[PDB]
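What the coordinates show
Residues per chain, in single letters:
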Amino acid sequence: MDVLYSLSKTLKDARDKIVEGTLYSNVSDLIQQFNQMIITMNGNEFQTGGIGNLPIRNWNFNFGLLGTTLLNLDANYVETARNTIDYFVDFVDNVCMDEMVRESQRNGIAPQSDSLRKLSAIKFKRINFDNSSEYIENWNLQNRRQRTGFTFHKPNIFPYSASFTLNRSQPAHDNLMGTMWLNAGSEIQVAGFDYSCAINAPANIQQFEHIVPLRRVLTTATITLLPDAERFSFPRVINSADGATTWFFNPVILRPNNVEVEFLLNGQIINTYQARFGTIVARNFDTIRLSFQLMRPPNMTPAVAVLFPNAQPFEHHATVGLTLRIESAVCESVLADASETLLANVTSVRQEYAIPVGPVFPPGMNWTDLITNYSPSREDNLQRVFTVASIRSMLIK
Amino acid sequence: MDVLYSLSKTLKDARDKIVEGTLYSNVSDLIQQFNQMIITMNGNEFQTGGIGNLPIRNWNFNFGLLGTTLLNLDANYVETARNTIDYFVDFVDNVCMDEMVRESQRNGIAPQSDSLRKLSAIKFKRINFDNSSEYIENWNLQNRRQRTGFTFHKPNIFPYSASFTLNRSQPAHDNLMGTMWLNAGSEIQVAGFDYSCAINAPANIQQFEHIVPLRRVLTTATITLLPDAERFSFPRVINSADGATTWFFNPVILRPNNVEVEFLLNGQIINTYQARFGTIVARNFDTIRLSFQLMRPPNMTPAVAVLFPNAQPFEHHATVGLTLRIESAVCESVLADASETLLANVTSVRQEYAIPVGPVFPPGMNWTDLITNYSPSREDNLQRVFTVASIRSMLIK
Amino acid sequence: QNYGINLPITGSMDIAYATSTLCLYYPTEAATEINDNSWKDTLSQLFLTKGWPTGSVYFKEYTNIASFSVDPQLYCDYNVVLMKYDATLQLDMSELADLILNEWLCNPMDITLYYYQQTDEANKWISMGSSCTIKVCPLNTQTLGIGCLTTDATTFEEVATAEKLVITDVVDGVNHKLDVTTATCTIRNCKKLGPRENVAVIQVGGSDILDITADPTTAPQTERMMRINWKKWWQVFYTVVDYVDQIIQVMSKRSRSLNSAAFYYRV
Amino acid sequence: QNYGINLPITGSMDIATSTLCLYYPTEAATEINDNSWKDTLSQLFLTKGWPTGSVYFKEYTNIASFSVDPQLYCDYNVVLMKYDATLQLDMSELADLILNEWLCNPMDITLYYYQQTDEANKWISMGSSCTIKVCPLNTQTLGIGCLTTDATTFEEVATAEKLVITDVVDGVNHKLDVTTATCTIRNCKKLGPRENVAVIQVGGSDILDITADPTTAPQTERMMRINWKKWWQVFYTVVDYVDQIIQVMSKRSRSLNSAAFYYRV
């Protein structure tokens, strides 16, 4: 697969640097590379197809060498090059798909296609140009136990799970208090709600806590914190946890006090924040804790008076809110994001050829269930397949 | 890294492979090895010490070489050697200490100790005597990214937890129905208690369940399963679930029936066994599910009749219990065990010199909080300090 | 089956989801005007067709509104009470609904001896029985009278006389000494724990007067207080049995009786 | 919603107003030979820790009349019971009645027989004078030891009595006979324990079977026995020893209504 990125970036240099009129030295490091591949590619038989709807394709290579005496390229040279460039692109695309269309609980850090497995040994180790993209360099640095990290913008690290919790309730549902949260994608929105306006609370204070576990660790994370909840702010109806009945919720918003953000690692409060909205920085964390309280306002005006009655028949519902969204990260394992097609590429190639789902990846590559049981086996498999997808994406135009 | 292991095992072979008398051939290899190690170590100023209370120490090296042409070893040889021998021993013990209290939030695969970080320079990579022991071997294979692991007698893997699930209860506490379980080190002892003796349940049968999520994936381990829990079979007074009082519990044992053990991996059943006891095997798993049942006997006898009515006043509650102990396993992630002095040495070093503490570890290397929030970066730091500890356990105690 | 503690219960919010007894309170004047017998079986068979079984309809009779006051019983699965309006007995119908639209945990006291203080807006003094004539005298914090004297029954202040049932309150935060003959009715220190959803009230005649709680700032016309007119009682009955689905629709099983409250407070 | 008995709660092993009603029979208020005791008992309860306004005395003429619709008036109800060497059965019936909670339906004996669901089912009959005549049936609905349509043939099981806790064999229907104008009968089942009411038997030899099943007749810690010669000594025996008693009871089991059994009109 290292050889695969080699072939891929080389064919890309071929498509991007061999054009009419260019001076030979400007493609020197190019040509002396490509023909070298012809030196090792000729007479070598490859097989593909035999898994999925990938058709059987047998590959032999007998194309000669490119000219070296010509100074400034013309149409003839570049056309004769492209003639076999397209063949090489097709072959590499197919073996890419091959490595994509299988998984393994047996460590997925080894090649999975017989093609690449054969290509692996010493008789082809003379295939390398360089590494210039994050994926192949990360692969190399990981198989050698050095520093490793992918840069993501707007990544999904929260399994989308929309639910709620109850602390004070009854069947009639005219005394409720609890908290509703939603972590969808990279977007967390939490809201504590009360019906009694702390009329029974010690000194008009009600506490609220929320815990979320990250599926993997982040560092140097930039996040933005906003002082309300832009989703749970309208009258609605919600089922019960038993689906028998349906209760009401007519929210009216207060401003939450003593908001508390704790980005925690292993139990030590790593990054601490008291009421710092806007952007914030979490240098290293993998668990998020959100703490606050509903405080009953001390002094009241006539509108505010009628809304929250000391009496028992209530009308409106008090709510504190909070919102969070991650805007980038440097992480030690690949995650889907808003700037990648690799997840898209792999879904597409799988869906073109109706591959029966195996024992590791989830059916149809559904993201939430995928991240749900995120296993070290799975993480190795996924980094492999996304390196495959990056090989693909750097070639498909 | 491995250079340190070279140092250590070389000095071991120095202290021991050389005694008075031997023939030149038997250690000729080692004598040449050591003379080269000498001509290496000299000529590089070292400062070792200066963290916590470990004193700064200046180090230089200048010593003649060893006899290169000999017939039978004489005492003058070992006398000339042992001085610088022990000097090297002292310095490498200093290396171990200076290393084994450092912290690194995002790293832990490259050196972080001053003389050490100097010593992993390529200019000394002429001393790699041989890498033959569990920890150095696992290290130098983790560098080259293969399948790896350690074998453990009594692995301390289940975080200690004394918690109890309640399925039927009332604030008078005379009809408890639930499950208790205790976890420590390598063992998990569970019991399920019924006040009612399944007198009101459907089909004269009642169910008990238990889930244990590990924090790392094991493989190929021995499980001793014994169907009579000992730790939950006696009159106890335990405090309430939220705490205002205590409550009582006087069980009596019956033998379980229709028990089911399952070891599942990533949400998939790998091992499943029915009512088999004694010793069983685990191949690939991280989740334990236990599911068993208690039956009201179909027919009784006088004492059995006085102890199991249908009435309200209950006085002898019944129980079922299981003991599952993992005795020996093989794993990837490094775990403190009960077969060596490694974690002990780590904690002794940490206590010995008053290290500045950070979230890179739980304060004091207390094993509980550590395995609670087992983190791969912490795992890297831990593996490093553990290999260096084992290296120390080859020279001095 | 832990009937002990309020535990967090959890459910989803985006997934697909989804006999008993009925009774009829009615005052005499209806039957008086009727002068028949079979109307009972008539209503029961009509209901029967509507979707409730036989053996499921019942009817109790109270000679007068003020009469029904005498420690009434509301122990049916779904109680619908019709009330004839009166331009003279406002407090009657209101207090009626109050004691009926809610449930109260409530202790007794021996008036011969004790002094009292009422905690909050939900602790009231409920006098019920034949006829009450209750008299209050506050105390100075030094056991000295104010507006009265602890030793004569007419220095006190009157707040009721020979009424059927009274809900009285004082200035929360001051002791009190009480005089009224235990023989002719009994007093209890009670406390409205919450709204009762097992009983509905229908006004015949009159209009929206009822006040379901004491504080003036609140008098909500909840969906649990219905209102219809009349010129013959049969229209009333036929309406009630028509939309009885909607009546029981605004009703819900008595929470205090369901198995979900073995020990919070029962019935 | 439902108070959620359907998600378990898990703590650990490493974590650690008031009212009182006092029932008594009348001959006690006779033997006192005073008229202002309540005040003094109140002051004493104040010494032990209870605020003025929490010591309530309720009074019944006799074990017979008190049977009619027993009353719950406090979060703590202690009852004094004068012993009889010949009325012990009704005493145990009273104990079995108020110590436990019943779930009872009304019984219209006119148009239907009845049958009991499980062994926890009994019939509570209450009133000033209760005559309960019965007789069972066969597979083809025939009178036995009785001519089903002749009253004097019915089996006199309790005569003009005051409190009865009837139990009959389960799985067999029965025809009834009662002068309802002077009594009531109710079909109920025993729900389980209560921790609000306790009974102190003044004198007596601990004769209390709160079970219908014979194989057991135990005593929970809520039935206390004390010997006596003059009531004041016994009132002191109680008030000096409230603490153990409260540690027996557990307030949370108070029921909202005042009736001893849940009714379903």
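Residues numbered from 1 in each chain as written, not as in the entry; some residues may be left out. Chains lettered and ligands numbered in written order. Part of a larger assembly, values for the part shown. Heavy atoms only, no water.

Moving on to the environment of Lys9 of chain B. Residues and elements named next belong to chain B. By the element assignment, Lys9 lies in helix 1 (residues 2-17). Considered as a pair, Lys9 and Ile391 are 382 residues apart in the sequence and their alpha carbons are 7.9 Å apart. In this view, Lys9 contacts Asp130, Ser132, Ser133 and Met394; residues no more than four positions away in its chain are not counted. (Helix = DSSP H or I, 4+ residues; strand = E, 2+ residues; numbered from the N terminus. Contact = heavy atoms within 4.5 Å.)

This part covers the sheet that holds strand 8 (residues 157-158) of chain C. All names here are of chain C. Pairing is antiparallel in the open sheet, where three strands are placed in the order 8-7-10. Because the sheet does not close on itself, it has two edges, and the strands there are strand 8 and strand 10 (176-179). The pairing of strand 7 (residues 135-138) with strand 10 spans four bridges and is antiparallel. Along strand 10, the bridge assignment pairs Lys135 with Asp179. (Pairing = 2+ DSSP bridges.)

Residue and element names in this part refer to chain A. Annotation from UniProt places "binding site: Zn(2+)" (unreviewed entry) at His153. Along the polypeptide, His153 turns up in the loop between strand 3 (150-152) and strand 4 (158-168). Looking at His153, its side chain comes within polar contact range of the main-chain oxygen of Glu327, at 2.7 Å. (UniProt positions renumbered as here; feature names shortened; annotations may be inferred. Polar contact = N/O pair within 3.5 Å; in protein donor to acceptor, adjacent residues only side chain to side chain.)

Below, the discussion takes up the UniProt feature "binding site: Ca(2+) 1" (unreviewed entry) in chain D. Residue and element names in this part refer to chain D. The positions that UniProt labels "binding site: Ca(2+) 1" (unreviewed entry) are, in the present scheme, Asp34, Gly145, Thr153 and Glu155. The greatest C-alpha distance among the annotated residues, which extend across 122 residues, is 56.3 Å, indicating that they are dispersed rather than converging on a single site. Inspection of the secondary structure assignment puts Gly145 in the loop between strand 5 (121-136) and strand 6 (155-166). Judged by its relative accessible area of 41%, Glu155 is partly exposed. When near neighbours in sequence (up to four residues on either side) are disregarded, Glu155 contacts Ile132, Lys133 and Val134. (Buried < 20%, exposed > 50% of the residue type's maximum accessible area, 1.4 Å probe, protein only.)

This brings us to the nonpolar core. By size, the foremost hydrophobic cluster in this structure holds 95 residues, and its most contacted members are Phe263, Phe285, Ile288, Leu290 and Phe386 of chain A. Counting residues per element, this core draws most heavily on helix 3 (residues 75-100) of chain A, which supplies eleven residues. For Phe285 of chain A, the residues in contact, after removing those within four places along its chain, are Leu214, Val217, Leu218, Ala221, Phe263 and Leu264 of chain A. In this structure, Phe150, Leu290, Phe292 and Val349 of chain B belong to the second largest nonpolar core, which totals 91 residues. (Core = buried A, V, L, I, M, F, W, Y, C linked by side-chain atoms within 4.5 Å.)

The partner chain B presents 15 residues to the ten residues of chain D that form the contact. Buried area between chain D and chain B, both sides added, is near 1,500 Å², and the carbon and sulfur share of it is 65%. Remark: the boundary between chain D and chain B carries zero salt bridges. In this assembly, chain D and chain B are joined by one residue pair in polar contact. Within the side of chain D that touches chain B, the residues separate by chemical class into seven nonpolar, three polar and no charged. (Buried area = accessible area lost by both parts, 1.4 Å probe. Salt bridge = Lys/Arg side-chain N within 4 Å of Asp/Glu carboxyl O. Nonpolar A, V, L, I, M, F, W, Y, C, P; charged D, E, K, R; others polar.)

Another aspect to go through is the sheet that holds strand 11 (residues 185-195) of chain C. Residue and element names in this part refer to chain C. An order of 5-11-6-9 is seen for the four strands of this open sheet, with the pairing classed as antiparallel. Every interior strand has two partners, whereas the edge strands, strand 5 (102-108) and strand 9 (163-168), have only one. Each strand of the sheet is rotated relative to its neighbour by a mean of 30 degrees, with strand direction disregarded. Bridge analysis of strand 5 against strand 11 gives seven bridges, and the strand direction is antiparallel. (Axes fitted to C-alpha atoms, helices over the stretch in contact; angles between N-to-C directions.)

The subject of this paragraph is the packing of aromatic side chains. How two aromatic rings sit relative to each other is given by the distance of their centres and the angle of their planes. Per the counting criterion, the structure on display carries 51 aromatic pairs over all chains. With 5.2 Å between their ring centres and 70 degrees between their planes, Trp59 of chain A and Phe91 of chain A make a pair best called edge-to-face. Pair noted here: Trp59 of chain A is in strand 2 (residues 57-59) and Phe91 of chain A is in helix 3, with a separation of 32 residues, a long-range link. Plain terms: the ring middles of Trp230 of chain C and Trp233 of chain C are 4.6 Å apart, the flat faces sit at 25 degrees to each other, and that makes the pair stacked. Among the aromatic residues, those joined into a cluster by ring pairs are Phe34, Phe46, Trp59, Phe61, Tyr87, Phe88, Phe91 and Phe124 of chain A. (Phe/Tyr/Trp six-rings, centres within 6.5 Å; stacked < 30°, edge-to-face > 60°.)

Turning our attention to the UniProt feature "binding site: Ca(2+) 3" (unreviewed entry) in chain D. Residues and elements named next belong to chain D. As annotated by UniProt and renumbered to match this structure, "binding site: Ca(2+) 3" (unreviewed entry) occupies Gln116, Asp167, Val168, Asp170 and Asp240. The largest pairwise C-alpha distance within this set of annotated residues, which runs over 125 residues, is 46.6 Å, so the set is dispersed in three dimensions. In this structure, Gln116 sits in the loop between strand 4 (100-106) and strand 5. For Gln116, a relative accessible area of 6% translates into the label buried.

So, on to the state of the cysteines. Applying the stated criterion across every chain, the model contains eight disulfides over all chains. Linked covalently through their sulfurs, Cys137 of chain C and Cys148 of chain C form a disulfide whose S-S length is 2.0 Å. Torsion about the S-S bond of the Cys137 of chain C and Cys148 of chain C cystine: about 85 degrees, corresponding to right-handed handedness. Remark: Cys148 of chain C occurs in the loop between strand 7 and strand 8 and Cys137 of chain C occurs in strand 7; sequence separation between them is eleven residues. On the basis of relative accessibility, which here comes to 1%, the residue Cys137 of chain C falls in the buried class. By relative accessible area, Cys148 of chain C is classed as buried at 13%. Here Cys104 of chain D connects covalently by a disulfide to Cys188 of chain D, the sulfurs 2.0 Å from one another. Taking the sign of the torsion about the S-S bond as the criterion, the disulfide between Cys104 of chain D and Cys188 of chain D, at about 55 degrees, is right-handed. Of the two residues, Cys104 of chain D is situated in strand 4 and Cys188 of chain D in strand 8 (residues 184-193); the sequence distance between them amounts to 84 residues. Of the two residues examined, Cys104 of chain D and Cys188 of chain D, each falls in the buried class. (Disulfide = S-S within 2.5 Å.)

In total, this model carries 24 salt bridges over all chains according to the counting rule given. Across the pair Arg289 of chain A and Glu209 of chain A runs a salt bridge, and its minimum N-O distance is 3.6 Å. Here the residue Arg289 of chain A occupies a position in strand 13 (residues 278-295), and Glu209 of chain A occupies one in strand 7 (residues 205-226), the gap between them amounting to 80 residues. Judged by relative accessible area, which is 37%, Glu209 of chain A ranks as partly exposed. Here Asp13 of chain B ties to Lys12 of chain B by a salt bridge, and the two come within 3.7 Å at their closest N and O atoms. Taking the relative accessible area as the measure of exposure, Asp13 of chain B reaches 8% and is therefore buried. The partly exposed category is assigned to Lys12 of chain B, whose relative accessible area is 28%.

Helix packing geometry: the angle between the two helix axes and the distance between the axes. Residues and elements named next belong to chain B. Contact geometry of helix 1 with helix 2 (residues 24-41) gives a least axis separation of 11 Å together with a crossing angle of 130 degrees. In terms of orientation, helix 1 and helix 2 fall into the oblique class. Every pair of crossing elements has a handedness; the one defined by helix 1 and helix 2 is left-handed. Taken together, the residues of helix 2 that come into contact with helix 1 (itself represented by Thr10, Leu11, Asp13, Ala14 and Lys17) are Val27, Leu30 and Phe34. (Parallel < 35°, antiparallel > 145°, perpendicular 65-115°, else oblique. Left-handed = near helix turned anticlockwise from the far one by under 90°.)

Turning to the UniProt feature "binding site: Ca(2+)" (unreviewed entry) in chain A, a few remarks are in order. Using the residue numbers shown here, the UniProt feature "binding site: Ca(2+)" (unreviewed entry) corresponds to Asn266 and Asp286 of chain A. Taking the farthest pair of C-alpha atoms as the criterion, the annotated set spanning 21 residues converges on one region, since that pair is 8.1 Å apart. The residue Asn266 of chain A is located in the loop between strand 11 (257-265) and strand 12 (268-274) in this model. Only 3.4 Å separates the side chain of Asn266 of chain A from the backbone oxygen of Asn373 of chain B, close enough to count as a polar contact. Within the element layout of this structure, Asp286 of chain A appears in strand 13. Excluding residues that lie within four positions of it along the chain, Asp286 of chain A makes contacts with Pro213, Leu214, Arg216, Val217, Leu264, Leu265 and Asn266 of chain A.

All names here are of chain D. Position of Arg186 relative to the elements: it lies in strand 8. Of the side chains with opposite charge, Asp69 comes closest to the buried, unpaired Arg186, at an N-O distance of 6.1 Å. In this structure, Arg186 is in contact with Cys104, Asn105, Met107, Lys122, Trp123, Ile124, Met126, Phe261 and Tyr263, ignoring residues within four places of it in sequence. (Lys, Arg positive; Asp, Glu negative; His and termini not counted.)

Residue and element names in this part refer to chain D. Strand direction decides the pairing type here: strand 4 and strand 8, joined by seven bridges, are antiparallel. In the strand pairing of strand 8, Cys104 is matched with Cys188. Looking at chain direction, strand 5 and strand 8 are connected through six bridges and run antiparallel. Opposite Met126, over in strand 8, you have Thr184 as the bridge partner.

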